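# A closer look at the structure
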Amino acid sequence: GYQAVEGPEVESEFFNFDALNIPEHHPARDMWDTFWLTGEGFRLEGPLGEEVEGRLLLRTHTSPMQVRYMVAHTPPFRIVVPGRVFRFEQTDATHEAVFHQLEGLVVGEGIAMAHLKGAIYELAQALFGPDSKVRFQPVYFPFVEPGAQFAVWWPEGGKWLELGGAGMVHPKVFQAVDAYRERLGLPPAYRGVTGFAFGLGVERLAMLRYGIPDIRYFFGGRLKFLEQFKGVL
Amino acid sequence: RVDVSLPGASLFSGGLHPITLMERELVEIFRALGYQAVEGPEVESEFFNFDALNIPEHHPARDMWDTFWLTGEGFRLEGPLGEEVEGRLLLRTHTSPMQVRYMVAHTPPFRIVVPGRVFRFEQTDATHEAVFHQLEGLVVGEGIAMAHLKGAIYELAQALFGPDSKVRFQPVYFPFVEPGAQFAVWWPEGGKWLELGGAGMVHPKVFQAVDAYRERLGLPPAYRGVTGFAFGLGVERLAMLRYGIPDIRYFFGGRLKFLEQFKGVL
Amino acid sequence: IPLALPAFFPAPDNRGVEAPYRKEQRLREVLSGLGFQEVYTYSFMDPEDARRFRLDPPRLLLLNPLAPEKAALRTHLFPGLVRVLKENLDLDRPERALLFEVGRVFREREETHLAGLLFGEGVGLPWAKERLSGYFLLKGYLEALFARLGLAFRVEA
Amino acid sequence: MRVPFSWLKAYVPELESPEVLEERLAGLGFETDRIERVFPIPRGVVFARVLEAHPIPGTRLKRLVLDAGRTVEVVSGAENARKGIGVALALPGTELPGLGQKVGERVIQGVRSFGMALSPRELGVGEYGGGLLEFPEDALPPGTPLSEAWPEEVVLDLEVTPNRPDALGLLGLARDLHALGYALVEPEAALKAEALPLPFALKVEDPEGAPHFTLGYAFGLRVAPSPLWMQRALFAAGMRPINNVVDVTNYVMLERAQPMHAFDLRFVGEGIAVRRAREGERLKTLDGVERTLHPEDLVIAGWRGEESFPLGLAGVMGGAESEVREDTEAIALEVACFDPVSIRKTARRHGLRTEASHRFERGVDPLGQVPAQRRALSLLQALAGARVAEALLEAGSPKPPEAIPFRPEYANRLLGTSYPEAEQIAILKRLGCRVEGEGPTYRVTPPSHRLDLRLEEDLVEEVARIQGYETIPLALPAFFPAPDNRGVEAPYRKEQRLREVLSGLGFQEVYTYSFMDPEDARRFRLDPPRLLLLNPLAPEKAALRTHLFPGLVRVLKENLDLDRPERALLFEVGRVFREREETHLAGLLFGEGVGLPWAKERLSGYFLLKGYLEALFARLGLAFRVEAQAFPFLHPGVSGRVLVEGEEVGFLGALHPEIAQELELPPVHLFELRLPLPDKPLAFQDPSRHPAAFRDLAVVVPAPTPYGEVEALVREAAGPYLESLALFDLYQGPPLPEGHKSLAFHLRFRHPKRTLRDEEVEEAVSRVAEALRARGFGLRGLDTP
Ligand SMILES: N[C@@H](Cc1cccc(O)c1)C(=O)O
Ligand SMILES: N[C@@H](Cc1cccc(O)c1)C(=O)O
Ligand SMILES: N[C@@H](Cc1cccc(O)c1)C(=O)O
């Protein structure tokens with residue numbers, strides 16, 4: 001039941017960090033190594049398509065879109081947003097500065113963590129077979145509480161894969177949404193709902209699923225490489 | 001001069017049949033609510049096409065479908081678990097049969113939609129066909145209910161005719177379901193109800209038939225304490241009032257000046 | 001009767017149940033992209049065609065056909081194609097065509113068949129003469145379709 | 001955060017084992033990145049007493065005289081090599097990990113060393129190899145094997161997260177476990193304090209950068225080495241032991257996420273003053289580094305008379321001079337909560353990262369300073385003889401934490417679980433919280449050490465992690481999505497179908513980096529990047545792409561150099577930046593072309609890619625024409641724009657020669673455009689039954705007039721009953737009126753309701769041959785069966 005919506009790669013620090021309960025000079029800010037942009041003559045539109053101000057940057061994750069969507073729409077709903085994200089880091093074999101992610105967010109009355117646990121399970125099955133299982137460990141994320149990291153068991157490889165993170169949306173992320181909401185003339189929508197969201201890294205999967213040894217390959221634009229996938233489905 | 005408005009190396013531009021389109025549209029719609037899609041064989045054995053579906057012989061119900069009977073030596077027709085099966089061969093008059101084959105081959109709960117070609121001995125005109133596709137859906141599991149049938153047909157209305165589209169349910173007779181009914185969708189633009197298909201809650205006897213044919217194969221009963229609803233609807237109708245095609249005969253006429261007009265569609 | 005929607009973890013054996021139906025579509029699409037026009041031919045055959053197109057007769061027939069021409073069940077997808085080509089050439093004069101149909105064919109067992117015929121001037125420059133067509137055109141087209149599907153492909157006489 | 005098992009087992013006596021622990025932590029929220037066994041100490045390594053260090057005449061080495069059960073001598077060249085301390089004597093024979101050699105009884109400078117005393121590095125207990133280990137002279141009986149007092153240890157390299165600074169204290173961890181059900185053993189402050197005044201005072205000139213500040217007075221100090229257990233526990237956790245007092249402050253630090261410095265009074269003067277540093281003020285930090293403070297760097301300063309001097313950088317590092325050492329006899333003990341952002345910025349500022357800064361950047365127990373004093377003082381009393389002042393200098397008074405409203409029914413309704421009330425409450429109480437009320441909604445006030453506990457949610461995650469994330473059932477939601485969410489995916493789909501149709505037709509997908517090289521706007525001839533990076537990965541990746549096409553041309557080159565593709569038909573789809581962020585589609589042609597592998601006649605160049613595109617569109621069902629228009633990056637002779645559905649959306653053409661010449665590349669055709677391409681609805685056209693009327697003619701146009709203009713013309717007037725217009729032959733030369741051209745046009749007219757008369761066509765053609773000549777175009781032939 002999840003619908004797929006895309007977001008803009010150049011984001012305004014408001015969405016990428018403040019709406020997502022990640023303040024400044026905050027230790028959390030350190031989990032993402034930001035890329036800051038500088039340019040005159042650049043229009044960056046927000047949810048309802050209006051002009052928005054903020055310190056421009058290349059998104060460090062896809063979460064922001066989780067905020068843009070909620071102001072533009074009303075619960076209940078299920079969405080997944082895939083996209084390119086950037087981090088200032090050193091590109092090696094199993095690390096990248098440019099790499100895609102996938103976010104999912106389901107909000108609505110009565111939602112629960114059980115449902116987050118359920119959907120990650122359904123992803124395990126659909127991806128690694130009836131003999132695959134999911135694991136949930138508590139972890140910290142400013143936009144969620146409770147929150148956690150989740151791992152899937154890959155029977156063939158016989159080892160747990162730390163897949164991504166997720167949790168139940170933070171009360172403050174809804175407040176941020178409803179706030180930015182009134183500021184636009186729209187009425188509050190997330191006062192009495194709940195929701196869970198998760199986000200995971202593509203390249204990792206795609207790698208242990210197509211047996212690609214070096215992450216750098218994805219962008220190397222090499223033909224002797226991209227051709228090897230022509231078949232795939 | 002080195003023109004550029006000039007025509008290029010005439011490469012062939014593919015396309016797709018109005019039905020593949022309208023079928024996919026329908027599939028994706030239901031795939032989104034959790035229904036998986038499985039196909040069935042066009043040449044069926046009267047057992048599945050009629051007896052498993054609580055439609056006995058010399059029965060008035062049998063008359064709702066005008067059957068096409070086949071005759072041939074040297075034809076292997078395999079059933080669910082892939083074994084050999086006996087029965088009087090025919091071209092399926094609907095897709096329901098597949099609803100039985102699936103249930104013996106699998107265990108609840110599940111959601112499925114089966115699209116396919118079906119045949120009826122009738123006279124082919126503007127709004128009628130002897131060969132025309134259908135789409136069946138069947139959802140079975142503990143606690144299932146009619147509310148859920150009503151819900152899924154609704155979700156199909158929205159997904160197909162907009163937030164201003166609504167569904168209507170009228171009681172009708174079908175041997176494989178009780179309660180049963182025909183359902184119509186409101187098409188705001190055209191401003192008129194479209195009798196779309198039929199459906200209802202699976203008949204107790206269709207489960208009995210399934211579990212029976214089940215033990216007869218060494219498989220244990222699976223549908224003793226579940227419930228389910230199923231529906232079936234005709235493609236060509238939709239595809240017609242959705243691509244504005246006036247004559248149903250067109251679909252099979254294999255005319256190019258016709259099939260090309262859909263190359264774009266999605 | 002209120003509206004509702006069910007929620008349940010499907011049973012294991014139902015998992016993957018659609019690989020086959022999907023697998024076909026991707027193929028119809030890849031084909032629809034590459035450059036082939038999809039067609040829909042009647043499942044029925046004309047017993048007299050097994051003779052015309054030179055084919056072992058139909059293993060299944062009808063105790064009540066719509067007409068003698070529609071008295072048997074097709075054994076090959078290719079004749080319906082050749083026939084549309086003709087039927088087209090008579091209504092409109094297509095100077096070329098690259099069709100393809102995918103359907104159930106009957107004989108011994110019911111099996112799913114893919115096929116399509118070439119024909120026409122060919123592929124080249126609308127204002128130029130040098131052109132590409134015939135056997136090798138369709139032979140190339142197919143090598144593509146496969147390279148695309150990632151499947152080995154050779155053609156021995 | 002190195003977590004020494006034996007240590008943490010002192011607060012949590014009932015721990016099963018390293019492994020079970022890693023398992024238990026992981027559930028609590030802490031993931032261990034590794035486990036290590038650490039203190040392999042051979043049997044040859046005995047504990048000895050240094051009875052007398054003698055210098056060796058002519059050398060910088062000393063001949064130690066050891067009491068190791070029996071009296072042995074050992075040559076040493078270590079600055080700390082002195083009488084009165086205990087050493088780690090590795091007898092002759094012992095095999096040491098820290099020197100990958102066998103220890104023997106060799107002869108050094110006229111004296112034969114019976115083995116050798118060792119440094120933290122030679123024994124393997126630590127990285128430091130600049131001096132022997134120093135233990136209490138009576139630690140163990142002379143000779144007894146060190147192993148018997150220094151057993152190997154297992155250390156978990158834990159992961160504490162920003163939200164759990166309390167977890168930076170082994171006793172913080174030890175409390176999380178206690179909630180899991182384990183028993184907790186908190187150490188007691190055995191203090192014999194005496195009432196008397198403090199020979200110094202406290203003045204906090206910056207209550208913002210030091211909201212709570214305390215000092216404690218300990219005197220009578222007998223600075224010596226820390227007892228074997230402490231040196232071990234310290235060493236295991238990553239720190240090097242120095243002496244009683246110094247160590248006792250590190251230990252307590254680690255024990256409770258509370259950094260604390262012991263300042264020698266000799267340098268305090270009249271008092272301690274916590275204040276911003278005066279511009280240029282200097283300080284020689286403990287690392288022996290001479291630094292130059294900054295006005296924002298909160299400092300710990302002592303003042304004598306009317307002089308104010310820096311004693312150490314507050315909550316980051318102390319001064320090298322105030323540092324406790326052998327001769328110290330009294331100290332002033334810092335134990336306070338600093339301001340996160342200050343310490344943060346200061347540390348960053350001087351490139352310092354320490355156990356102290358780290359914990360202050362994350363947070364400290366607002367009301368932990370006093371208790372931390374007792375712990376530390378009590379230790380100093382036991383380990384150093386310390387007499388202690390029954391009072392403290394406390395500046396600041398933080399407010400206890402506030403009560404959070406808690407409804408168990410919500411705990412569950414949120415988790416999807418159903419733990420019974422009583423089971424929830426007790427979990428919180430085990431964690432320290434205080435719970436008031438009798439339900440439904442309760443009043444929960446966290447312990448001061450839980451900075452992460454503010455909302456009801458944080459409180460539900462408290463039940464969650466102690467019950468077990470694993471004890472949360474699975475489920476799936478069922479609900480009718482809200483109307484406005486309906487259709488929300490048209491766009492994302494619409495793109496894919498396009499990528500696919502493209503992937504089918506014959507184009508290879510590519511993925512290029514979003515980054516651009518500012519110098520390319522020049523090379524490929526493009527208006528510069530409107531966005532840049534304040535911190536690019538490299539100068540070449542300093543801007544954000546404005547065009548998708550250059551990345552393509554570059555891969556082509558990069559390929560031609562690794563493998564020699566004789567051809568290629570790529571395409572990429574990505575976000576391009578400029579004025580607005582927009583989605584772009586583009587791909588370049590190149591290579592021999594398309595023809596017969598064994599034949600010569602081939603198809604390629606412009607028109608190949610121009611045809612490919614016409615296909616892609618016919619397939620998408622979108623109109624498409626290409627009118628010429630120059631472009632900087634394109635070729636002049638081979639260049640034009642794209643027109644989907646009568647509206648420009650990009651360009652198509654051959655690269656510019658020079659750009660090729662400058663890039664060392666052959667003629668490379670290509671195109672680029674902007675998605676979402678025009679969307680045209682279906683207007684079903686019920687095809688006529690009747691036959692069409694075939695027609696033929698070639699329009700005579702001057703060599704310049706683009707085919708497009710001619711065509712549009714012919715069509716424009718070619719009656720309303722036209723079916724097909726098509727150019728089959730383009731000729732120019734003899735005998736034609738030179739400098740011209742004739743275009744062979746195949747036509748067809750067809751009426752839907754009935755067939756058409758020759759009069760209706762002959763008269764409908766004169767209409768198009770008239771407006772054709774009225775334009776200046778002739779007519780080669782007409783009417784040809
Ligand atoms: N944004 C996190 C992943 C994450 C975690 C929890 C919920 C989400 O929606 C997403 C990251 O990129 O590390
Ligand atoms: N088989 C019926 C349609 C139908 C009705 C109810 C349930 C179904 O699964 C199908 C027909 O073809 O008329
Ligand atoms: N750097 C000090 C620790 C410390 C802690 C708090 C404030 C300080 O100024 C110093 C040390 O070496 O122990």
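What counts, and at which threshold
- For every chain, the first residue of the written sequence is numbered 1 and the count continues from 1 onward along that sequence, whatever numbering the entry uses; residues with no coordinates are hidden.
- Note on labels: chains are lettered from A, ligands numbered from 1, in written order.
- Remember that the shown chains come from a larger assembly, so read each value as a statement about the shown part.
- Only hydrogens and water are set aside; all other atoms, that is, all heavy atoms of the structure, feed into the side-chain values.
- Secondary structure elements follow DSSP: runs of H or I of four or more residues count as helices, runs of E of two or more count as strands, with numbering from the N terminus.
- We take the radius of gyration over the C-alpha atoms and set the globule estimate at 2.2 Å times the residue count to the 0.38 power.
- With a 1.4 Å probe rolled over the protein chains alone, any residue whose accessible area is under 20% of its type maximum counts as buried; one over 50% counts as exposed, and the rest are partly exposed.
- A contact between two residues is defined here by any heavy atoms of the two lying within 4.5 Å.
- A pair is scored as a salt bridge if a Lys or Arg side-chain nitrogen falls within 4 Å of a carboxyl oxygen belonging to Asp or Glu.
- For the purposes of these results, a polar contact is taken to be a pair of N or O atoms within 3.5 Å, where, inside protein, one atom must be able to donate a hydrogen and its partner to accept one; residues adjacent in sequence count only when each atom of the pair is a side-chain atom.
- Working definition of a nonpolar core: buried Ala, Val, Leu, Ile, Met, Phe, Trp, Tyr and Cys residues. They are joined through side-chain atoms within 4.5 Å.
- A strand pair is defined by DSSP finding two or more bridges across the two strands.
- Defined here as a combined quantity, buried area equals the accessible surface (1.4 Å probe) lost by two parts on assembly, summed across both.
- Three classes are used: nonpolar for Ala, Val, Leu, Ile, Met, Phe, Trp, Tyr, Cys and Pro, charged for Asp, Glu, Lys and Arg, and polar for all others, with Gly counted as polar.
- By convention in this text, a residue qualifies as near a molecule or strand provided that one of its non-hydrogen atoms is within 4 Å of it.
- Residue exposure ignores everything except the shown protein chains as possible cover, and the areas themselves are Shrake-Rupley values with a 1.4 Å probe.
- UniProt positions are given in the numbering used here, feature names are shortened, and annotations may be inferred rather than shown by experiment.
- Only residues above 30% relative accessible area that lack a salt bridge enter a patch, with like-charged residues linked at up to 9 Å and the nonpolar side chains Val, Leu, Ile, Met, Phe, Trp and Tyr linked at up to 5 Å.
- Lines fitted to C-alpha atoms define the axes, with helix axes restricted to the stretch in contact, and inter-axis angles between N-to-C directions lie between 0 and 180 degrees.
- Our angle categories are set so that under 35 degrees counts as roughly parallel, over 145 as roughly antiparallel, 65 to 115 as roughly perpendicular, and the remainder as oblique.

### Brief notes about the overall build of chain A
- A tally of regular secondary structure across chain A gives six helices and 10 strands.
- Over its C-alpha trace chain A gives a radius of gyration of 18 Å, about what one expects of a compact globule, namely 17 Å for 233 residues.
- Oriented by its inertia axes, the alpha-carbon framework of chain A measures out at about 50 × 45 × 35 Å.
- In chain A, buried positions account for 61% of the 233 residues.

### A short note on the interface of chain A and chain C
- Taken together, the contact pairs 10 residues of chain A with eight residues of chain C.
- Linking chain A with chain C are one salt bridge.
- Of the charged contacts in the structure, one is a salt bridge between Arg15 of chain C and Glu122 of chain A, with a shortest N-O distance of 3.5 Å.
- In this structure, the connection of chain A to chain C is made through three residue pairs in polar contact.

### A few points about the nonpolar core
- Judged by nonpolar contacts, the single largest core of 76 residues is most densely connected at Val43, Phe229 and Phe231 of chain B together with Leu73 of chain C.
- It is helix 4 (residues 146-161) of chain B that provides the largest number of residues to this core, a total of eight residues.
- Apart from residues lying up to four places away in sequence, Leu73 of chain C is in contact with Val43, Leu70 and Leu91 of chain B together with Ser43, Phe44, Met45, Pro58, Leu60, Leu62 and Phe106 of chain C.
- One finds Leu6 of chain B together with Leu498, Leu569 and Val638 of chain D within the second-largest nonpolar core, a separate group that totals 59 residues.

### Comments concerning the pairing of strand 7 (residues 134-138) of chain A
All names here are of chain A.
- Where strand 7 lies against strand 8 (residues 144-154), five bridges are found, and the strand directions are antiparallel. Of the residues in strand 8, the one forming a bridge with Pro138 is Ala148.
- Counted along the chain from strand 7 to the antiparallel partner strand 8, the turn is five residues long.

### Notes on the interface of chain A and chain D
- Opposite the 81 residues of chain A that make contact, chain D presents 77 residues.
- Where chain A abuts chain D, roughly 6600 Å² becomes buried across the two surfaces, and 60% of that area is made up of carbon and sulfur atoms.
- Put simply, chain A and chain D have four salt bridges between them.
- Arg344 of chain D is the salt-bridge partner of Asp30 of chain A, the closest N and O atoms lying 3.3 Å from each other.
- Summed over the shared surface of chain A and chain D, the result is 31 residue pairs in polar contact.
- Of the residues assigned to the side of chain A that touches chain D, the class counts are 41 nonpolar, 21 polar and 19 charged.
- Pairing of strand 3 (residues 35-38) of chain A with strand 28 (residues 532-533) of chain D, which is carried by two bridges, proceeds in the antiparallel orientation. For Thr38 of chain A, the partnering residue across the bridge sits in strand 28 of chain D and is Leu532 of chain D.

### Considerations on the site of ligand 3
All names here are of chain D.
- Taken together, the neighbourhood of ligand 3 is formed by 14 residues, with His261, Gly315, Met317, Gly318 and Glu334 sitting nearest.
- Contacts to ligand 3 include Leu313, whose backbone N or O atom sits 3.3 Å from an oxygen atom.
- At a separation of 3.3 Å, an oxygen atom of ligand 3 approaches a polar side-chain atom of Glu334.
- Protein contact buries 87% of the 340 Å² of open area that ligand 3 shows by itself.
- Split by residue class, the shell around ligand 3 holds 10 nonpolar, three polar and one charged.

### Observations regarding the side chain of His547 of chain D
All names here are of chain D.
- Of note, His547 is situated in the loop between strand 29 (543-544) and helix 15 (549-562).
- Here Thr546 takes part through its side chain, which lies 3.0 Å from a polar atom of the side chain of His547.
- Here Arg578 takes part through its side chain, which lies 3.0 Å from a polar atom of the side chain of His547.
- The residues contacting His547, other than those within four sequence positions of it, are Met516, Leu526, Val576, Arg578, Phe633 and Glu672.

### Here we look at the environment of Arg348 of chain D
- Relative to the elements of secondary structure, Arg348 of chain D occurs in helix 7 (residues 340-350).
- Judged by its relative accessible area of 46%, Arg348 of chain D is partly exposed.
- Discounting residues that sit within four places of it in the chain, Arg348 of chain D has contacts with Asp30 of chain A together with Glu361 of chain D.

### Comments concerning the UniProt feature "binding site: Mg(2+)" in chain A
- Mapped onto the present numbering, the UniProt feature "binding site: Mg(2+)" falls on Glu145 of chain A.
- By relative accessible area, which is 6% here, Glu145 of chain A ends up buried.
- In contact with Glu145 of chain A, not counting residues within four places along its chain, are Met168, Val169 and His170 of chain A together with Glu457, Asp458 and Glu461 of chain D.

### Examining a nonpolar patch on the surface
- Taken together, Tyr135, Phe136 and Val155 of chain C together with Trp598 of chain D make up a surface patch of nonpolar side chains, about 460 Å² in accessible area.
- As for its position among the elements, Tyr135 of chain C is in helix 4 (residues 134-149).

### Structural notes on the sheet that holds strand 40 (residues 740-749) of chain D
All names here are of chain D.
- Here three strands make up an open sheet; going across it, the order is 38-40-39 and the pairing antiparallel. Either end of the sheet is taken by a strand with one partner, and the two such strands are strand 38 (693-702) and strand 39 (722-731). Looking at each pair of strands side by side, their axes are set apart by 25 degrees on average, direction ignored.
- Here 10 bridges tie strand 38 to strand 40, and the two strands are oriented antiparallel to one another. For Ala698, the partnering residue across the bridge sits in strand 40 and is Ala744.
- Relative to the sheet, helix 19 (residues 758-773) contacts strand 38 and strand 40, its axis offset from that of strand 38 by approximately 10 degrees.

### Concerning the sheet that holds strand 36 (residues 647-655) of chain D
All names here are of chain D.
- Strand order in the open sheet formed by seven strands is 26-30-31-37-36-35-34, and the pairing between neighbours is mixed. What marks the edges here is a single partner per strand, and that holds for strand 26 (508-510) and strand 34 (624-625).
- Sheet topology places strand 34 next to strand 35 (residues 634-644); two bridges connect them, and they run antiparallel. Considered in strand 35, the bridge of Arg625 is made with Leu643.
- Against the sheet, helix 13 (residues 490-505) makes contact with strand 26, strand 30 (570-578) and strand 31 (580-588), and its axis sits at roughly 145 degrees relative to strand 30, the strand it touches most.
- Contacts from helix 16 (residues 605-620) reach strand 31, strand 34, strand 35, strand 36 and strand 37 (669-674), with the element oriented near 35 degrees to strand 37.

### Regarding the site of ligand 2
Residue and element names in this part refer to chain B.
- For ligand 2, the set of nearby residues contains 14 residues, the closest of which are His94, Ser96, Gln134, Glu136 and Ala199.
- A distance of 3.0 Å separates a nitrogen atom of ligand 2 from a polar atom in the side chain of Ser96.
- Between an oxygen atom of ligand 2 and a side-chain N or O atom of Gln99, the distance comes to 3.3 Å.
- About the coverage of ligand 2: the protein hides 91% of its 350 Å² of free accessible area.
- At three residues, the largest contribution of residues to the shell around ligand 2 is made by strand 10 (residues 227-234).

### A short note on the packing of helix 10 (residues 408-415) of chain D against helix 12 (residues 456-467) of chain D
Residues and elements named next belong to chain D.
- The contact between helix 10 and helix 12 brings their axes to 10 Å, and the two run at 75 degrees. Classified by the interaxial angle, the pair formed by helix 10 and helix 12 is roughly perpendicular. For the pair helix 10 and helix 12, contact is made by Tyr410, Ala411, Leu414 and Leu415 and by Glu456, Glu457, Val460 and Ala464, respectively.
- Per-class residue counts for the contact of helix 10 with helix 12 are six nonpolar, no polar and two charged.

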